[PDB]
Structure formats: C-alpha cells, structure tokens
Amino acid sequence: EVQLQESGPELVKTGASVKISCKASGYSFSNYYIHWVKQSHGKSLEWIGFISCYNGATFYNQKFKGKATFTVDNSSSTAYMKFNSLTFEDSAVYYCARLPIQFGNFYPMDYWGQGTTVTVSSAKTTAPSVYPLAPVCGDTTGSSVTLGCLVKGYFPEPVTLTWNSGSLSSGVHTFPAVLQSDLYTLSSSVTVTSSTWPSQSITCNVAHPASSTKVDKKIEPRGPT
C-alpha cells in the first residue's frame, strides 16, 4: 500500500519555472529519502538529487545545481521539486522515488511515482491544419482500402483524432506526433474493406483543446485531374 502520487503534466514557457509534487502514502514518511530522476524521451534515467524526509537535508547532482530545488512538507507527506530557468532540454518525464534510511545507504530506490511530464517551449497556441488523405486516383483492385488523415502544424499537444466519431475503431493506426520547428504533426491511417468506402462516408474528426477547435474532414475520392 505504498504509493507516491505525482502532480499532473506541465506546459511551461522557456525561461520560466515549475514546481512539481510527490505525495506519499502508506508508510512512515520521515524514515525515507525522496530522490528525483529525469527521463528524457528515449534516454537513460538521470539522477537529479535527493532530500531527506527526516531532516530536510538535500544533495544535488552538480549538473542540476542552481536548476532544481527540493523541499518537503512533512505535514502533508509531500515532496516538491522546483525548476527554474527552464529550457527545451529540460523537457522530460520527472520521477520521484523513495529510498529507506534504515536498511543501509546502498538499499535501492524501492517505490517510484508515476512520473510528471514537463514540456518546455517558446511556441504559441496554434490550431492544426487537418487534411484528408484519399487513395491515389484510380481503381482500388484490392479487397481493402487505406485512408489517412494528416494533422499538421499544431501546438501544444494533445489532439484527439477519431474516425466516424469513434464508430470506426478497428484497423486504425494513429501515429505519435513528431515535433519540428516548434510545431507538432501527426497522422492516422484507417483500413476498411473496399465495399465499405467510398460507398459509406468515412470522416476523420480532430479536436485540439488548446485552440478549442474541432474539425471534421470527410475522405473524398480523388478526381481524375
């Protein structure tokens, strides 16, 4: 029944600061260190530092000295990490993890939080352009047909993409967004039987909450010119 519950995702502007929390439960809070660890997408975990929940003492990895500040609120069983002067390179998932005081200094970090994603960018909110991708013009000779939807040039994540308002869920691949020149691009494919489309409408539905936009693009067969 040990749990470390971390605060939610953060989107922060270049040069600003953010403070993320780690709330402990199910154990004697003051008998442990809380460590903080960085996980840049597709890289090894990188240890940042620790704070003692017994007496508040801190120790920081020199690479993060000046960047990260640890605190604890003993009364709420909560540890905090504050980050100042955020840069693109600070975009990562940050974990808290506890480490007992009482089983020697070399005991492992034995319970972890679920992680907090921090995204740092100078970009301004930007609605996507949503493009329907119909097959090459011609004759679909196969038993099935693949359609697409391109969602280009938005910020921030996330978007929601559905096909036929969710009624079309099988045969869908919605691809992770890629970030280029401060903006995201995502695509999705859907594959149906050739007797399904174009005889029945297929529409890609895209929502970008941050611009409060909601677009439907029907996939239309291409003309011969």
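Just count from 1 along the sequence shown to find any residue number.
- Of the two stretches examined, 166-174 and 66-74, the record assigns the greater average C-alpha temperature factor to 66-74.
- Higher mean CA temperature factor, per the PDB entry, when comparing 90-98 with 125-133: 125-133.
- When the Cα B-factors of 153, 138, 108, 104 are read from the PDB record, 138 comes out highest.
- Remark: of 52, 188, 194, 40, 194 shows the highest value [criterion: C-alpha B-factor in the PDB entry].
- The deposited CA B-factor of residue 182 belongs to the highest third of values across its chain.
- In the deposited entry, the Cα temperature factor of residue 83 places it in the highest third of its chain's modelled residues.
- Sort the modelled residues of the chain by CA B factor and residue 3 lands in the middle third.
- Sorting the modelled residues of the chain by their CA temperature factor places residue 159 in the middle third.
- Per the PDB record, residue ranking by Cα B-factor puts residue 215 in the highest third of the chain.
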